[PDB]
Amino acid sequence: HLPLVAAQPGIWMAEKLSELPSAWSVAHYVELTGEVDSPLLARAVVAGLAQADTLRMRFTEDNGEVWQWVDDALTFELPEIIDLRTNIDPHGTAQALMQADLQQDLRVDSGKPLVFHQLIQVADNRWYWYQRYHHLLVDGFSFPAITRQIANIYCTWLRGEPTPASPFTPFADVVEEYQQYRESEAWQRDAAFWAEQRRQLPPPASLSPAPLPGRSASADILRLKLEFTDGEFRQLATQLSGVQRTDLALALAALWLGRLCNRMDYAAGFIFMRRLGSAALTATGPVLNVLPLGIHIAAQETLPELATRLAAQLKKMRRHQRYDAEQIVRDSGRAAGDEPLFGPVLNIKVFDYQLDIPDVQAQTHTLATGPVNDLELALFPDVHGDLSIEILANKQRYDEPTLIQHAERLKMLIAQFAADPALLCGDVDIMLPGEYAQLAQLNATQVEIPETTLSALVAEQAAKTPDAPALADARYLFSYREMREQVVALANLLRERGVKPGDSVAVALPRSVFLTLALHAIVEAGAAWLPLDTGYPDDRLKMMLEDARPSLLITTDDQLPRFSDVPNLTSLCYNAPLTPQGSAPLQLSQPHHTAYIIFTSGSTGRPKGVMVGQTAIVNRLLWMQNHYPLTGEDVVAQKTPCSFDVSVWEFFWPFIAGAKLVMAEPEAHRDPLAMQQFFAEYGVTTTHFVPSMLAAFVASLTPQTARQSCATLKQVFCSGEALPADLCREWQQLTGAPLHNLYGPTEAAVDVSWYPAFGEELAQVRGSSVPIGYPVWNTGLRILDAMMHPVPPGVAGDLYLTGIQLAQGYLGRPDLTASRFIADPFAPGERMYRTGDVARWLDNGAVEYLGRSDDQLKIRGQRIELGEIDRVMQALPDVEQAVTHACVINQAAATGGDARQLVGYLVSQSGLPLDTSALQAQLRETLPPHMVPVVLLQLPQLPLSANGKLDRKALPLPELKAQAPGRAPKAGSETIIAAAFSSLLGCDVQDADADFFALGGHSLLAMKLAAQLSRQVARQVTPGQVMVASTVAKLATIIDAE
Ligand SMILES: *P(=O)(O)OCC(C)(C)[C@@H](O)C(=O)NCCC(=O)NCCS[C@@H](CS(=O)(=O)NC[C@H]1O[C@@H](n2cnc3c(N)ncnc32)[C@H](O)[C@@H]1O)[C@@H](N)CO
């Protein structure tokens, strides 16, 4: 007969998507104490339930439409009394009988009845009266009213008086109220208001770092209840007495949640009961609206200013409360399980209701309030000045003990405002005593080290072990003495061509023993080396050389025709040993010199060079040799490309300990089969992987091949991406070789924190990723909120780094240096590096990585600034706008590791169609290859959220079906290869010009392809050949070559 109204349409969609038996059935019991006429109260329950028209409501699926009608024909249960008294000993057997009622399938569709009562005690001078309703029939405001009426009927009968009349308005009058309201000018006014609220609304925020669930949250929750006995709230309200008590508790709760969210602007929910003023006041159905409230903490405001602007908005919201929140959702693009508009939910309405049966005490006890997806906070400031609260919390996102600590923080804020009502919102602190002390000991990493040099340490160790093998590759082997002879000769040669202390020397060499010699010789001259990836395009190397102004480029003879264009550069070809002339040190390098300059992607469109002090890298390497000692039975794998800071400890750490360093062949760092042959062939004990590569390498193994190639490993390090716990566990199962997690941006000296990723320590990680852990020597980790206060354990903050390991700064960019190397407010005169990483302290002191606060990404461990690509794309002709976006194009390629690929979105200035294939060709002239987007898509306009910012979630993925098919694949290699693409990409490939990377392949997936093709033909095909020949037709011609 009638449509679902008010809270029902929201409650309906919410259960359709729920995946639990009774997430939407409210239930509770009342604890009656004394003599009770149970058969009469049974009778009273029946008469009471008849007076609530909404309890006989029946529903039907009207081909999508949903309709309700009250069955005046339905007759009610008499409740069953249960004699469980002098039976089983516990009265928790009754609590089991109640808890068991809610494990049934009580959803509408189950066809079970939606209301249930029964009487239990069974007369132990006490009684448990149990009640459950589906939340489509009842608010938290009407079921205590229904109970009171059953108790009124009961009490009346005892007096010998006729059954009381119903106090209940028909719920139908409510339907008319909204059916008349939805067809009214106030609907158009209310829609317009909430649409402005959406444009201005801050994003959701939660104390849990995990993303907010839009569906299927548990109706079993934590239900904390806390009373504040300190009376500092009493002294607070009376010391202001302009705020309206409730307003004060709200503003405190807003400061408290903002501090736990690490947000100064966030969206929370607020509960309007919608009873007064409505025909619903006396109806029994659910009329209840949780509405979005935009919280804006202002650091410069006082606490009553916060209360005032909040109440102003709550007043304004109250005027428009009739607009169902559910309607706001579909007004926004979001629909059906999409991310919520707010996280926490604030509330003032009561926690219990009373019953006055004569000579009988009654106590309600709540069992199911309904699901809470995140966290909900009820505030009760009494007229007598005490304060109490009730926290409801998702059982998957929180636990009781930490919630108690946070609430004690809420007592601390109250105590702090009690002592200073003029206290600003920004000067308040939620650090418990002894928490700040505990973070002190964690940063107490002071280890006194003498002033020294790489060149010093290397020379000192070659004096100890002249004849121990030091440096080898396929073609050469050098003792520590023979090594120092070649270092000192090249360093003398470098001075003959002008390299002086303080200079830069750029290095563009293939991987051999001579790469290492070149670096040791440069530091020996007192210069700093600058590594060039010759895989970068010509135009980009010109930038780095023009910016760093190196005195000298060391290269090979066939590479310098690329550099004939650079003006005023001097080159040296180095690819064979020099006549020795002793091994004495030159003693030219000094602790304040720069040791090296590694460039990194920079937001402005132009890479920036990070300059690292000689002392900062000495600290890093002496610390490693204390924490993971090497002994010269060790063999270290030079596997990492020289343009990534990780290579530095590979180039230098073995030689300060006496161990051997062995060079891998070129391109072997990206071919997991080649690494297996490498490690076994040289008996490697020590090496490094990026987590994405560890994954590809694990995937290349079985236990037997693991025992054959990794048998010699003793120490493996991992860094540059979040290290997932389960990956470490697969590694432990294959090799038993200890594995360690290291963290650090280039702007400190390679790594500032460590953590064990094996053994007992790994067996304790309950999280998805391994902690980044603990500071190295002379290094501190600061985790600070947006106001640069320190954050307590468990709360997300911005990570800052301190100590001697900090970089000298950005090459030639004193503004960017000032931006990121900021003054440490906790150590005046000292700097502190702003990482851009978000992180939190775990309860054992270790730090957990959580994400970035900016547009920097680690695609497969390699650092990219989406801004760099954006600005380069916008410089292309007829490109007005350009947005780079990282995404997983093809879920079948997410075998493991980071599977993201870069996608450019372009809007043309002219509005004409753009030659995206030519534009992407052009980008390969400017950008390093891993920074060219694999797909460029042109859009008529960029998709925008309600606030006007970019809506990446609306950005269309690339189609796996090209609209312009090419030649079908020819018999032979092309047919094979097509098939292999299909095997790994998960779609049929019948196009010879299909692009492995455009179809969602990535370099880790290329490593699996190369192995598979190398089986399906006798000949080898390298993963590097899949990079170059991106397509079927190109990849075929490479293996058909005769
Ligand atoms: P395909 O051709 O697309 O890929 C093929 C392969 C995998 C072979 C290719 O991707 C490859 O050769 N990759 C090697 C990547 C690599 O070695 N990268 C440099 C190491 S990271 C560097 C610091 S950094 O500034 O570049 N970025 C630091 C930054 O990264 C995050 N981070 C580092 N360590 C972390 C841990 N342990 N957990 C969580 N996050 C971590 C942070 O965001 C940090 O600011 C080195 N200092 C790192 O050791």
# chains A, B, ... in the order shown; residues from 1 in each chain; ligands from 1
$ residues_near_ligand --ligand "ligand 1" --cutoff "7 Å" --atoms "only C-alpha atoms and all ligand atoms" --output "ChimeraX atom specification"
/A:640,644-646,669-670,690,692-693,718-723,741-746,750-751,772,835-837,849,852,858-863,930,1002-1004
$ select_by_dssp --residues "stretch 78-212 of chain A" --states "alpha helix (DSSP H)" --output "ChimeraX atom specification"
/A:92-101,143-158,171-182,185-200
$ residues_around --residues "residue A:473" --least-positions-apart "5" --cutoff "6 Å" --atoms "only C-alpha atoms" --output "VMD selection string"
chain A and resid 513 662 to 663
$ closest_residue --among "A:976, A:684, A:210, A:883" --to "residue A:397" --atoms "only C-alpha atoms"
A:210
$ closest_atom_pairs --of "stretch 264-375 of chain A" --to "stretch 1-19 of chain A" --cutoff "6 Å" --atoms "only C-alpha atoms" --output "CSV"
residue,atom,partner,partner_atom,distance
A:286,CA,A:7,CA,5.7
A:287,CA,A:7,CA,5.2
A:288,CA,A:7,CA,5.4
A:326,CA,A:10,CA,5.6
$ residues_around --residues "residue A:1013" --least-positions-apart "4" --cutoff "12 Å" --atoms "only C-alpha atoms" --output "JSON, numbers by chain"
{"A": [973, 974, 975, 976, 977, 978, 979, 980, 981, 983, 984, 1006, 1007, 1008, 1009, 1017, 1018, 1019, 1020, 1021, 1022, 1023, 1025, 1026, 1035, 1036, 1039]}
$ residues_around --residues "residue A:909" --least-positions-apart "2" --cutoff "10 Å" --atoms "only C-alpha atoms" --output "ChimeraX atom specification"
/A:877-881,906-907,911-914
$ write_last_selection --atoms "C-alpha atoms" --output "CSV table (one decimal), in the first residue's frame"
chain,number,residue,atom,x,y,z
A,877,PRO,CA,51.9,20.9,-28.8
A,878,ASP,CA,48.1,21.3,-28.5
A,879,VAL,CA,48.1,19.8,-25.0
A,880,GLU,CA,46.3,22.2,-22.6
A,881,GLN,CA,45.9,19.8,-19.7
A,906,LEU,CA,45.3,14.5,-22.2
A,907,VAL,CA,42.9,17.3,-23.1
A,911,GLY,CA,39.7,20.4,-29.2
A,912,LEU,CA,40.8,18.4,-32.2
A,913,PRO,CA,41.9,14.8,-31.8
A,914,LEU,CA,45.6,14.4,-30.8
$ select_by_dssp --residues "stretch 111-260 of chain A" --states "strand (DSSP E or B)" --output "number ranges by chain"
A: 115-120, 127-134, 204, 221-228
$ atom_distance --atom1 "atom CA of residue A:521" --atom2 "atom CA of residue A:484"
8.9 Å
$ closest_residue --among "A:382, A:824, A:467, A:730" --to "residue A:659" --atoms "only C-alpha atoms"
A:467
$ atom_distance --atom1 "atom CA of residue A:391" --atom2 "atom CA of residue A:218"
15.2 Å
$ closest_residue --among "A:809, A:213, A:867, A:526" --to "residue A:598" --atoms "only C-alpha atoms"
A:809
$ closest_residue --among "A:897, A:580, A:666, A:48" --to "residue A:1024" --atoms "only C-alpha atoms"
A:666
$ closest_atom_pairs --of "stretch 408-493 of chain A" --to "stretch 611-627 of chain A" --cutoff "10 Å" --atoms "only C-alpha atoms" --output "tab-separated table"
residue	atom	partner	partner_atom	distance
A:447	CA	A:623	CA	9.3
A:448	CA	A:619	CA	9.9
A:449	CA	A:619	CA	7.8
A:450	CA	A:615	CA	9.6
A:451	CA	A:615	CA	7.2
A:452	CA	A:615	CA	7.0
A:453	CA	A:614	CA	6.3
A:454	CA	A:618	CA	6.5
A:455	CA	A:614	CA	9.7
A:457	CA	A:618	CA	8.7
$ write_last_selection --atoms "N, CA, C and O atoms" --output "PDB file, in the first residue's frame"
ATOM      1  N   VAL A 447      76.254   7.563  18.567  1.00  0.00           N
ATOM      2  CA  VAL A 447      77.396   6.639  18.535  1.00  0.00           C
ATOM      3  C   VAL A 447      78.554   7.458  18.009  1.00  0.00           C
ATOM      4  O   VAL A 447      78.521   7.899  16.857  1.00  0.00           O
ATOM      5  N   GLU A 448      79.561   7.679  18.838  1.00  0.00           N
ATOM      6  CA  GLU A 448      80.628   8.607  18.475  1.00  0.00           C
ATOM      7  C   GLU A 448      81.563   7.948  17.466  1.00  0.00           C
ATOM      8  O   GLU A 448      82.040   6.827  17.677  1.00  0.00           O
ATOM      9  N   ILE A 449      81.784   8.633  16.349  1.00  0.00           N
ATOM     10  CA  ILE A 449      82.579   8.098  15.251  1.00  0.00           C
ATOM     11  C   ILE A 449      83.676   9.098  14.907  1.00  0.00           C
ATOM     12  O   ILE A 449      83.409  10.306  14.898  1.00  0.00           O
ATOM     13  N   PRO A 450      84.894   8.665  14.595  1.00  0.00           N
ATOM     14  CA  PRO A 450      85.923   9.621  14.176  1.00  0.00           C
ATOM     15  C   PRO A 450      85.628  10.184  12.797  1.00  0.00           C
ATOM     16  O   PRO A 450      84.908   9.583  11.991  1.00  0.00           O
ATOM     17  N   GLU A 451      86.177  11.374  12.544  1.00  0.00           N
ATOM     18  CA  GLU A 451      86.066  11.962  11.222  1.00  0.00           C
ATOM     19  C   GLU A 451      86.891  11.146  10.261  1.00  0.00           C
ATOM     20  O   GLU A 451      88.071  10.902  10.517  1.00  0.00           O
ATOM     21  N   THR A 452      86.278  10.707   9.166  1.00  0.00           N
ATOM     22  CA  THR A 452      87.011   9.854   8.255  1.00  0.00           C
ATOM     23  C   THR A 452      86.348   9.901   6.889  1.00  0.00           C
ATOM     24  O   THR A 452      85.358  10.606   6.684  1.00  0.00           O
ATOM     25  N   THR A 453      86.932   9.145   5.950  1.00  0.00           N
ATOM     26  CA  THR A 453      86.607   9.153   4.531  1.00  0.00           C
ATOM     27  C   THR A 453      86.429   7.727   4.010  1.00  0.00           C
ATOM     28  O   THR A 453      87.030   6.781   4.525  1.00  0.00           O
ATOM     29  N   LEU A 454      85.583   7.570   2.991  1.00  0.00           N
ATOM     30  CA  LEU A 454      85.605   6.331   2.245  1.00  0.00           C
ATOM     31  C   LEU A 454      87.028   5.989   1.867  1.00  0.00           C
ATOM     32  O   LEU A 454      87.519   4.893   2.140  1.00  0.00           O
ATOM     33  N   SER A 455      87.725   6.934   1.274  1.00  0.00           N
ATOM     34  CA  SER A 455      89.062   6.626   0.821  1.00  0.00           C
ATOM     35  C   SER A 455      89.968   6.237   1.971  1.00  0.00           C
ATOM     36  O   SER A 455      90.804   5.336   1.823  1.00  0.00           O
ATOM     37  N   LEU A 457      88.883   4.693   4.904  1.00  0.00           N
ATOM     38  CA  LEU A 457      88.497   3.361   5.354  1.00  0.00           C
ATOM     39  C   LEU A 457      88.962   2.268   4.383  1.00  0.00           C
ATOM     40  O   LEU A 457      89.520   1.249   4.812  1.00  0.00           O
TER      41      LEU A 457
END
$ closest_residue --among "A:532, A:345, A:253, A:543" --to "residue A:268" --atoms "only C-alpha atoms"
A:345
$ residues_around --residues "residue A:682" --least-positions-apart "3" --cutoff "8 Å" --atoms "only C-alpha atoms" --output "list in words"
residues 635, 662, 678 and 679 of chain A
$ residues_around --residues "stretch 370-380 of chain A" --least-positions-apart "3" --cutoff "9 Å" --atoms "only C-alpha atoms" --output "ChimeraX atom specification"
/A:23-27,135,206-208,212-221,246,249-250,253,269,343-351,386-398
$ decode --residues "stretch 1023-1040 of chain A" --atoms "N, CA, C and O atoms" --output "compact mmCIF listing (two decimals), in the first residue's frame"
# COMPACT_ATOMS: atom_id res chain seq x y z
N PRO A 1023 64.37 -11.03 -20.95
CA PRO A 1023 63.36 -10.04 -20.57
C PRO A 1023 63.67 -8.66 -21.09
O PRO A 1023 62.74 -7.87 -21.30
N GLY A 1024 64.95 -8.34 -21.34
CA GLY A 1024 65.27 -7.07 -21.97
C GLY A 1024 64.79 -6.96 -23.41
O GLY A 1024 64.44 -5.87 -23.88
N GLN A 1025 64.75 -8.09 -24.14
CA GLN A 1025 64.19 -8.14 -25.49
C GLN A 1025 62.67 -7.92 -25.51
O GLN A 1025 62.14 -7.41 -26.50
N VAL A 1026 61.96 -8.33 -24.45
CA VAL A 1026 60.54 -8.00 -24.36
C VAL A 1026 60.34 -6.49 -24.13
O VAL A 1026 59.35 -5.91 -24.62
N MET A 1027 61.24 -5.81 -23.41
CA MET A 1027 61.11 -4.36 -23.24
C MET A 1027 61.25 -3.65 -24.57
O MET A 1027 60.45 -2.77 -24.91
N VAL A 1028 62.27 -3.99 -25.34
CA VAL A 1028 62.55 -3.26 -26.57
C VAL A 1028 61.48 -3.54 -27.61
O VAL A 1028 60.86 -2.63 -28.17
N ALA A 1029 61.28 -4.81 -27.91
CA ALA A 1029 60.27 -5.22 -28.86
C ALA A 1029 58.98 -5.40 -28.08
O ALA A 1029 58.63 -6.49 -27.62
N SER A 1030 58.26 -4.29 -27.90
CA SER A 1030 57.13 -4.33 -26.99
C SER A 1030 55.97 -5.19 -27.52
O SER A 1030 55.15 -5.66 -26.74
N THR A 1031 55.92 -5.42 -28.82
CA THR A 1031 54.76 -5.95 -29.53
C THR A 1031 55.04 -7.37 -30.03
O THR A 1031 56.18 -7.84 -29.96
N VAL A 1032 54.00 -8.07 -30.50
CA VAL A 1032 54.22 -9.42 -31.04
C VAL A 1032 55.11 -9.37 -32.27
O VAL A 1032 56.06 -10.14 -32.40
N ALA A 1033 54.78 -8.47 -33.20
CA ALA A 1033 55.48 -8.50 -34.47
C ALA A 1033 56.94 -8.17 -34.30
O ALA A 1033 57.79 -8.75 -34.98
N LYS A 1034 57.26 -7.25 -33.37
CA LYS A 1034 58.66 -6.88 -33.17
C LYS A 1034 59.41 -7.99 -32.45
O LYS A 1034 60.51 -8.38 -32.88
N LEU A 1035 58.81 -8.50 -31.36
CA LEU A 1035 59.41 -9.59 -30.59
C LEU A 1035 59.65 -10.85 -31.43
O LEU A 1035 60.63 -11.58 -31.19
N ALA A 1036 58.79 -11.11 -32.42
CA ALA A 1036 59.00 -12.26 -33.30
C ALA A 1036 60.23 -12.06 -34.16
O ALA A 1036 61.02 -13.00 -34.34
N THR A 1037 60.43 -10.86 -34.71
CA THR A 1037 61.54 -10.71 -35.66
C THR A 1037 62.88 -10.87 -34.96
O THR A 1037 63.86 -11.30 -35.59
N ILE A 1038 62.93 -10.58 -33.65
CA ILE A 1038 64.16 -10.73 -32.86
C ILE A 1038 64.55 -12.19 -32.68
O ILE A 1038 65.75 -12.52 -32.68
N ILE A 1039 63.58 -13.07 -32.51
CA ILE A 1039 63.89 -14.48 -32.34
C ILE A 1039 63.89 -15.27 -33.65
O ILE A 1039 64.44 -16.38 -33.69
N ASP A 1040 63.30 -14.73 -34.72
CA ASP A 1040 63.40 -15.33 -36.05
C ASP A 1040 64.68 -14.94 -36.78
O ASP A 1040 64.94 -15.48 -37.87
